Amino acid sequence: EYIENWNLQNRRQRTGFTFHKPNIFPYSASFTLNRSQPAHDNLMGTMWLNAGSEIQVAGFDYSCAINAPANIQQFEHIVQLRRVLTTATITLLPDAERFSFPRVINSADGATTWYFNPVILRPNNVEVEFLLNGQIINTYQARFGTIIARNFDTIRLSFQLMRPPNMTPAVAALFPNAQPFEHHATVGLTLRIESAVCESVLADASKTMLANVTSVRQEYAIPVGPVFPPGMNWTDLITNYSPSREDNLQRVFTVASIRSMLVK
Amino acid sequence: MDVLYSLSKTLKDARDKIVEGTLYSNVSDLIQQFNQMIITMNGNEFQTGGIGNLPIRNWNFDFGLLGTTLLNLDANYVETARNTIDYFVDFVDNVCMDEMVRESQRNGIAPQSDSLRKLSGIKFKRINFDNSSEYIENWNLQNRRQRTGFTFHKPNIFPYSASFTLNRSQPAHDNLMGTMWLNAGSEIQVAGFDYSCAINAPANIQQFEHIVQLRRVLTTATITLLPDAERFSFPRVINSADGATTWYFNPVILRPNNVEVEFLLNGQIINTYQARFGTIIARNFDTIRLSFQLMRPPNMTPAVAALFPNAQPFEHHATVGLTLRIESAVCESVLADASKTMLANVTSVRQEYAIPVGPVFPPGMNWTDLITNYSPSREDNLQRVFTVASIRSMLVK
Amino acid sequence: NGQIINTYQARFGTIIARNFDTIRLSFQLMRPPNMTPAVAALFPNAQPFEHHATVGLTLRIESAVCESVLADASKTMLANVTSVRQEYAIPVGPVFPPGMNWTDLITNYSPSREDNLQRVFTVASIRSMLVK
Amino acid sequence: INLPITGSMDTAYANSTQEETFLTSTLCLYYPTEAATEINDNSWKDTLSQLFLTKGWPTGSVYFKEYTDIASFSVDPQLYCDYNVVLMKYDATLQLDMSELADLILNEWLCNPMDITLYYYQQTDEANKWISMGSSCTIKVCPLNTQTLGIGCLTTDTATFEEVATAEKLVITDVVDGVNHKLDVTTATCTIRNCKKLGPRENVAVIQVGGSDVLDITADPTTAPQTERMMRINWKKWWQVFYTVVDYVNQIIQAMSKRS
Amino acid sequence: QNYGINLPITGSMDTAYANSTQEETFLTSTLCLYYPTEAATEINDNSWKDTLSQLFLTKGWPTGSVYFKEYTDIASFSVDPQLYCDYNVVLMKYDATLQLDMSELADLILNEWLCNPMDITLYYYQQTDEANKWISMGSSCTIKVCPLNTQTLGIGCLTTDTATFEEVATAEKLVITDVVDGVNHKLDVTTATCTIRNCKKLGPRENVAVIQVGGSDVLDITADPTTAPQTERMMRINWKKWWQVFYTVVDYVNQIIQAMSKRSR
Amino acid sequence: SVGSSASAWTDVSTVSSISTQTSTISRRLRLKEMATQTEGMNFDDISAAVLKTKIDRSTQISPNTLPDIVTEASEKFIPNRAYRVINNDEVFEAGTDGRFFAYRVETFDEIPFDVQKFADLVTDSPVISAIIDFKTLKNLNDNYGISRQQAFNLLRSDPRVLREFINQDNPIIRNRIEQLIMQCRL
Ligand SMILES: *[C@@H]1O[C@H](CO)[C@@H](O)[C@H](O)[C@H]1NC(C)=O
Ligand SMILES: *[C@@H]1O[C@H](CO)[C@@H](O)[C@H](O)[C@H]1NC(C)=O
Ligand SMILES: [Ca+2]
Ligand SMILES: [Ca+2]
Ligand SMILES: [Ca+2]
Ligand SMILES: [Ca+2]
Ligand SMILES: [Ca+2]
Ligand SMILES: [Ca+2]
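Chains as they are written, first to last, in the entry's author numbering: chain D, 134 to 397; chain E, 1 to 397; chain I, 266 to 397; chain e, 55 to 314; chain d, 51 to 315; chain 1, 583 to 596, 605 to 776.
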């Protein structure tokens with residue numbers, strides 16, 4: 134595959150590398166508060182972990198959308214990939230897990246901390262849009278499970294938190310009309326890119342090319358060069374995936390595959 | 001179809017083997033096969049398209065063979081072979097795209113995309129080179145009926161079902177007992193919850209059972225069975241059976257005692273595992289029966305005794321979970337996976353060329369509603385389109 | 266790519282840039298310490314502030330050399346292409362936006378777009394070599 | 055409902071049953087005579103009804119039922135409405151009496167009769183209790199041993215018994231569960247019933263007008279709970295209390311659920 | 051330095067925790083205790099304020115940062131309070147007969163109110179949500195209200211005969227009135243002695259902290275009867291003297307300032 | 583600490607995180623100057639020189655106000671400054687303003703910045719002042735292209751080569767120096 138795509142590139146043609154659980158998302162674990170306070174007691178925002186092949190996002194409102202119009206609060210998460218993907222098989226589920234239990238987080242400036250006691254609800258009016266150059270390509274309304282994306286450099290996950298109009302006593306005793314708000318309503322989404330295809334080269338959970346490269350460099354104590362970052366950390370190497378880095382990465386991955394064909 | 005796979009495989013091996021400087025001793029057979037392919041194609045006129053946005057293309061073949069005089073290959077040969085291969089490549093690609101978009105209940109195995117009905121004739125039998133791939137092998141085996149099999153990594157055999165079942169309910173939803181489950185792709189995460197923690201039940205035990213009934217039998221499945229299902233172990237606000245009201249769910253996770261997994265095949269037990277967690281095996285199974293027990297801890301500390309009182313308020317609800325992933329498996333029929341792209345190729349071709357919904361496949365080819373009713377017509381059409389998709393992928397990634 | 270190539274401090278007129286993907290302009294507004302009556306009447310220490318102080322900069326790329334294809338103020342390839350499309354009422358394709366608005370076409374200059382654009386520009390030059 | 059209900063989680067939440075359940079239901083307030091006294095008005099019921107008519111409740115759905123005192127209310131309470139609200143004055147002198155009233159109305163009891171002069175009764179579980187109502191109950195008990203003789207009491211001399219109740223209009227008696235008791239009661243004035251405590255009555259809402267939360271519904275001294283339909287207010291007038299009830303009736307009716 | 055705009059913020063989770071802003075916020079802030087005259091009476095001293103300040107100096111609070119502001123009675127304090135410091139602590143004596151009064155005081159100071167005025171003689175007012183209450187301060191407020199119907203006639207009251215109105219407050223120094231929301235009321239008020247204002251309750255005030263020195267916690271901040279909550283800045287002590295109470299406040303001031311946070315507004 | 587030791591310096595007490611760590615670490619390097627842990631022009635030297643020049647050419651300077659001016663100067667001269675460390679032909683710069691450039695000695699060419707190495711070097715290895723900081727250094731190596739010895743001595747911030755350029759009237763050094771003065775205004 135690697136040498137075939139090398140030859141194709143030299144004789145320019147539509148290449149493709151097939152990947153299983155590709156590591157295209159750099160590790161980013163961060164929040165964003167569209168309604169903040171010093172005491173951090175009535176908040177609205179979105180938290181996200183984007184790592185490897187997985188995106189776990191969660192929009193939290195502490196007031197359960199009581200003062201919002203139509204008893205509804207919007208949430209949108211835009212992801213921009215550094216390389217186009219095609220024929221991607223995606224597993225989309227609700228109720229993100231790592232942002233669905235109690236938590237103590239810092240503020241933006243890191244000075245103080247705030248608490249987050251979640252109560253998981255379901256996304257309503259959910260809409261997943263896989264776009265390409267700002268134009269929309271694939272759209273999915275309230276479809277959960279195994280879905281497809283044929284060409285996309287951008288993802289738009291737009292969901293909503295809808296206050297349950299009819300509530301039992303035990304749940305009505307959690308979302309009051311006043312500020313204390315000891316239970317914070319959340320709406321989550323997990324999205325895993327199981328398979329994918331890419332014009333360019335990446336890393337996976339299936340192949341050892343990057344491991345071979347990094348191991349060689351760590352073993353023989355190679356100094357840092359003008360292209361690759363120190364230790365070849367995939368985060369800093371995908372966040373800036375410039376053509377020179379892409380070329381050198383394709384080259385070293387090809388020769389690493391060559392070396393693995395003989396000495397694994 | 002076999003001839004289509006042969007075309008694809010020899011064009012692949014020609015883009016690979018026929019390069020500058022190589023040695024005719026290594027490509028004599030490929031070259032004789034190429035020349036025979038040419039000799040058999042030349043004289044025929046094919047048509048492709050006529051459904052959706054597929055452009056109606058006409059293919060006319062009149063090429064010249066590849067000489068056998070040289071010893072080492074030069075650029076004046078590689079170039080002619082490349083100009084002869086690109087045409088066949090886009091031809092095979094357009095044929096596979098015209099074949100992934102047609103359906104039938106009447107003889108779904110029978111070739112559609114009439115260019116392929118033409119390549120299925122007897123004069124095109126000379127093109128067969130080797131039917132080695134797993135899909136084409138299983139195809140030939142199904143035609144010459146024999147025990148087939150595909151090897152899947154993390155197969156998508158479970159349709160998405162995220163649902164509950166309450167065996168004790170009240171309009172206030174304050175003393176409940178039931179089981180919740182998320183069956184998706186290759187995983188089953190089940191959780192039996194009692195609000196009382198089995199204070200009134202006999203012997204301080206509460207039974208839970210979850211039965212799954214697969215639509216296609218599996219074999220030599222490697223499974224990972226863990227406790228404490230993650231996604232039914234945090235506070236939740238769930239709906240009611242009819243969508244009228246909502247109820248709260250504040251779980252506190254206990255461990256399954258007397259856990260028992262049974263893998264069955266047409267009601268006959270096959271594999272039984274008692275209190276074994278981690279990696280397990282299932283040699284043949286069409287049904288799974290998980291059965292566990294919520295067991296009240298008789299000896300309790302104050303910090304926990306203060307959670308499970310003897311009266312109704314019950315602000316903490318005892319839970320017992322189980323996660324079950326199918327890491328690998330072997331199946332006589334064709335499914336979707338996490339490693340292979342054929343389903344995505346099919347769905348992407350259809351989303352691109354705007355194919356109307358046919359009488360067989362659901363709208364948008366949603367795997368959930370496609371595996372929920374896995375009729376033999378759907379299975380045949382799915383095997384056909386997945387086979388030609390693999391074929392297409394062997395050329396154009 | 267965040268790496269620095271050229272820097273110019275307090276230079277004006279004609280300047281050069283051998284390779285770059287990013288521009289960073291940094292200037293200052295410095296209150297005049299010595300101030301005549303007229304200017305002091307415009308810059309008081311009070312909030313009304315009827316005259317707002319500005320500091321400007323113009324920067325024009327008169328010439329350049331790019332590994333990829335673009336448009337200019339000299340060559341008519343984009344004009345030939347867009348004129349052909351507008352004349353023969355071509356539907357909107359899966360790649361180029363409607364009307365080939367260069368703003369929406371350069372704002373997202375993905376390699377597929379770059380390839381198709383090089384192709385159409387090349388045939389447009391081939392055509393203008395015969396009929397301008 | 056002990057049947058195998060099944061559902062899903064992708065189903066959409068439907069529109070609000072409120073503003074239809076209000077039309078197809080009824081509400082009943084239970085206020086003390088001190089309220090009408092301090093008010094000194096006659097059309098205050100029609101006033102409150104015309105007010106509830108804004109919040110949605112129609113005219114013939116709201117009802118008011120006066121009661122002179124907590125004990126005269128605890129004497130055979132008859133709560134038959136699709137939604138019940140009970141405003142309750144706080145009094146340390148009436149702490150146990152109003153906690154018994156709470157444990158009686160808020161919870162659902164299955165009450166069998168009891169014949170004392172012919173049978174000897176016992177408790178089985180921690181939910182079996184003996185509730186006595188009437189003008190003035192004087193209850194004495196003698197626990198018995200294996201051989202139907204008394205422990206620290208004589209089966210004949212009633213003066214040897216243990217006095218658990220002394221002129222209470224309502225009593226709820228819990229004794230040691232697993233022993234046979236012989237009782238002496240004033241059956242002419244007070245009737246006693248062997249009741250089993252079932253799940254809670256989700257139709258009534260108690261509102262402690264005054265002091266801190268003291269109601270210990272549960273007889274076991276470990277829970278000490280405070281449910282959703284047990285409210286507290288601080289008061290200096292009654293018009294403000296009724297206006298608060300009116301303005302926040304929908305929360306009360308979200309905390310209660312539709313007994314039918 | 052934008053003002054009056056609410057912008058999305060952003061951060062991360064791999065950012066480390068900074069240092070303890072205590073021992074600097076003390077120096078750069080101010081603290082104000084509000085004690086009742088019974089405390090000073092029982093103490094029977096005149097150097098106790100300087101003593102407490104010299105004690106605080108060992109906790110980090112400098113000399114000219116702490117202030118003690120006396121109030122004779124709960125109701126007198128309730129009459130037009132003005133809490134203007136950077137950290138306020140209030141020591142509230144318990145009294146069953148003052149329960150609603152010292153609940154209204156708490157609901158007034160703990161929370162932050164956006165207040166507009168009221169001209170009874172001209173307009174007929176109504177509440178829109180569960181937060182638009184009517185707070186009346188003064189020496190002796192005697193309030194009466196008549197709700198009106200669609201055609202601006204009275205409901206069980208006569209717009210002319212003031213005596214037919216429904217008295218909800220009798221000679222109180224502070225009243226917080228919530229009435230039925232969605233109807234037009236007409237009021238009678240002793241405006242010569244009491245001023246009433248239509249105030250919408252905003253989010254809480256994190257600058258003040260009430261401390262019930264005596265009995266059980268009774269304060270019902272939320273006017274609605276269902277919730278009846280208890281916040282972090284609503285504390286409780288049991289007392290037999292006052293020196294012990296002030297020593298306790300001093301020794302656990304850092305816990306109090308952790309329970310409190312400077313005002314957003 | 584960032585890694586590989588915490589002696590005292592690598593204490594991140596608190605844009606990118608590398609920038610923040612480098613600023614937090616470089617605001618301590620102001621104390622390396624008054625430890626004999628320097629090799630070059632030792633920026634506080636320039637601060638003191640400017641102070642002497644001003645208190646000698648001023649008229650309003652009283653013996654009562656020179657105290658607390660010798661402190662305000664030392665504290666508010668060059669608040670945003672930069673330092674560098676050299677290790678086997680690899681130079682790692684850093685500044686309190688959150689900038690960080692890694693490059694080579696002979697052919698000035700940026701390189702990815704290596705935290706967990708810059709820290710272990712700035713701990714022990716001698717640290718040097720950034721009077722000739724990478725931006726101006728590269729502007730100079732391009733426009734006024736410089737020799738190996740002069741480049742090494744500009745790295746070490748040597749007065750000989752510095753004054754040589756300042757007498758040859760090199761505006762890429764004159765402007766940086768005048769910037770330093772106008773930052774030593776007070
Ligand atoms: C629910 O309310 C929405 C908005 O008012 C309306 O469009 C819809 O028809 C309603 N549905 C029902 C079942 O009442
Ligand atoms: C960090 O906090 C500790 C604990 O209060 C303190 O001892 C230390 O001095 C602080 N760090 C600095 C740089 O002040
Ligand atoms: Ca009683
Ligand atoms: Ca009992
Ligand atoms: Ca006795
Ligand atoms: Ca009052
Ligand atoms: Ca109100
Ligand atoms: Ca009246």
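Every residue, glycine too, gets a C-beta built ideally from N, C-alpha and C.
> Quick one: Cα of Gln305 (chain d) to Cα of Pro302 (chain I), how far?
Replying inline: 58 Å
>> Count Cβ pairs between the segment 235 to 242 of chain E and the segment 320 to 338 of chain E that sit closer than 8 Å; are there 3 or more?
In response: no
> Closer than 8 Å, CB to CB, is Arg286 (chain e) near chain D or not?
Replying inline: no
>> Among the candidates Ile31 (chain E), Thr224 (chain E), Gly43 (chain E), whose CA atom is the shortest distance from the CA of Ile85 (chain E)?
In response: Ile31 (chain E)
>> Against chain e, with Cβ distances strictly below 8 Å, would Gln149 (chain d) count as a contact?
In response: With 8 Å as the cut-off, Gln149 (chain d) counts as an interface residue toward chain e.
> Nearest to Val717 (chain 1) by alpha carbon, out of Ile762 (chain 1), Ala588 (chain 1), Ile701 (chain 1), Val675 (chain 1)?
Replying inline: Out of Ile762 (chain 1), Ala588 (chain 1), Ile701 (chain 1), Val675 (chain 1), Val675 (chain 1) has the C-alpha closest to the C-alpha of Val717 (chain 1).
> Which residues in chain d sit within 7 Å of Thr596 (chain 1), going by Cβ to Cβ distance?
Replying inline: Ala66, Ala68
> Run through DSSP, which three-state label would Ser348 (chain E) get?
Replying inline: helix
> Beta-carbon of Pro275 (chain d) versus every beta-carbon of chain D: anything under 8 Å?
Replying inline: no
>> Between which residues of its own chain and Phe285 (chain I) is the CB-CB distance below 7 Å, once the five residues before and five after are set aside?
In response: For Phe285 (chain I), where only same-chain residues beyond five positions count, the Cβ hits under 7 Å are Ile270, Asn271.
>> Which residues does DSSP list as the beta-bridge partners of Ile280 (chain D)?
In response: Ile223 (chain D)
>> Nearer than 7 Å: is that true of the beta carbon of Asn182 (chain e) relative to any heavy atom of ligand 4?
In response: yes
>> Rounded to the nearest angstrom, what separates residue 399 (chain E) and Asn258 (chain E) at their Cα positions?
In response: Not covered by the structure: residue 399 (chain E). The range shown for chain E is 1 to 397.
> How many angstroms separate the CA atom of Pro58 (chain d) from the CA atom of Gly49 (chain E)?
Replying inline: 51 Å
> In chain order, which alpha helix (DSSP H) runs of at least 4 residues are fully inside the segment 256 to 329 of chain D?
Replying inline: The qualifying runs are 302 to 305.
> Interface residues of chain D around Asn266 (chain I) at Cβ under 7 Å?
Replying inline: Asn373, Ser375
> Between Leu225 (chain E) and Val261 (chain E), is the Cβ-Cβ spacing less than 8 Å?
Replying inline: With respect to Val261 (chain E), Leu225 (chain E) sits close: the two C-beta atoms are nearer than 8 Å.
> What are the boundary residues of the alpha helix (DSSP H) that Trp139 (chain D) is part of?
Replying inline: It spans 135 to 143 - the alpha helix (DSSP H) in which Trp139 (chain D) sits, taken as one unbroken run.
> With respect to 7 Å, is the separation between the Cβ of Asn239 (chain D) and the closest non-hydrogen atom of ligand 2 below this value?
Replying inline: no
> residue 481 (chain E) by DSSP, collapsed to three states: which one?
Replying inline: Outside the displayed span of chain E (1 to 397) sits residue 481 (chain E), for which this structure offers no information.
> At a cut-off of 7 Å, is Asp231 (chain e) close to ligand 4 when judged by its beta-carbon and the heavy atoms of the ligand?
Replying inline: yes
> Measuring CA to CA, which of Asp380 (chain E), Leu307 (chain E), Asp29 (chain E), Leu11 (chain E) is closest to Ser196 (chain E)?
Replying inline: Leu307 (chain E)
>> Excluding the 5 residues flanking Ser715 (chain 1) on each side, which residues of the same chain have their C-beta closer than 7 Å to its C-beta?
In response: Cβ neighbours of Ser715 (chain 1) beyond the five flanking positions: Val675, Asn677.
>> Along the chain, where does the alpha helix (DSSP H) containing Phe249 (chain D) start, and where does it finish?
In response: Careful: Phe249 (chain D) lies outside any alpha helix (DSSP H), inside the beta strand (DSSP E) at 246 to 249.
> Just how far apart, CA to CA, sit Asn204 (chain D) and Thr71 (chain e)?
Replying inline: 16 Å
>> Given the structure, does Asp95 (chain e) come close to ligand 8, in the sense that its CB is under 7 Å from one of the ligand's heavy atoms?
In response: yes
> Tell me the DSSP bridge mates of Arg236 (chain D)?
Replying inline: Listed as beta-bridge partners of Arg236 (chain D) by DSSP are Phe249 (chain D).
> For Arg289 (chain D) and chain E, any beta-carbon pair shorter than 8 Å?
Replying inline: The beta carbon of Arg289 (chain D) sits no closer than 8 Å to any beta carbon of chain E.
>> Considering only their Cβ atoms, is the gap separating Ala229 (chain D) from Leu322 (chain D) smaller than 8 Å?
In response: yes
> With a CB to CB cut of under 7 Å and the five nearest residues on each side skipped, what residues in its chain are close to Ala344 (chain E)?
Replying inline: none
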